[PDB]
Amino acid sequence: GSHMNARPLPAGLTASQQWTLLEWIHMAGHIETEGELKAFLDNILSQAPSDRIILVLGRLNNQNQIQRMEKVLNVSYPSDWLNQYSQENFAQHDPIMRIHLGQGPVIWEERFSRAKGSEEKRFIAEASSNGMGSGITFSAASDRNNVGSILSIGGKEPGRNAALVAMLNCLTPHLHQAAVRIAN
């Protein structure tokens, strides 16, 4: 069952990290509103003016890719970047929108380097000029409804912190269930 197939918890966390992860997952399971989700992510993840954090709940295709955004839960992507992303249909050129939700974390660099299209390259240049040339995306999908969420965090630093990556990866299914409560 889905409870048994829950992604495995991290091995080798410090006592401090284990306690933090327990706090995070316990708290996430109480989030009922957009306001609470944003405050929670601000509280546990926000670090600096240069932060780039967003959570997106989407309707999925047969490869667990987001076909339609159901709910966008912004924390620190620039307001006008989202406008531009909508206005210029970036979802069609953004390599991160092609991820198969429910796989492990995806470092942007690995997808950005494999760009072939001039237009994909243009999007990546534009993203870079907005502080989003590097980053990491965590994901989770429900088993019994075709919805899933991605948690994106900009910058090189998060992906190089092994403990944080493992912790955020385990938190992500809980953020997804929160997003589903918020969207309902």
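One-based numbering along the sequence shown.
Between 109-117 and 71-79, the higher mean Cα B-factor belongs to 109-117. Taking the PDB entry as given, 41-49 carries the higher mean Cα B factor of the two stretches 126-134 and 41-49. Taking only the listed residues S152, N62, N145, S149, the entry reports the highest CA temperature factor at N62. In this PDB entry, the Cα temperature factor of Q18 sits in the middle third of its chain's modelled residues. Per the PDB record, residue ranking by Cα B-factor puts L9 in the middle third of the chain. Remark: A183 belongs to the highest third of its chain, ranked by C-alpha B-factor as recorded.
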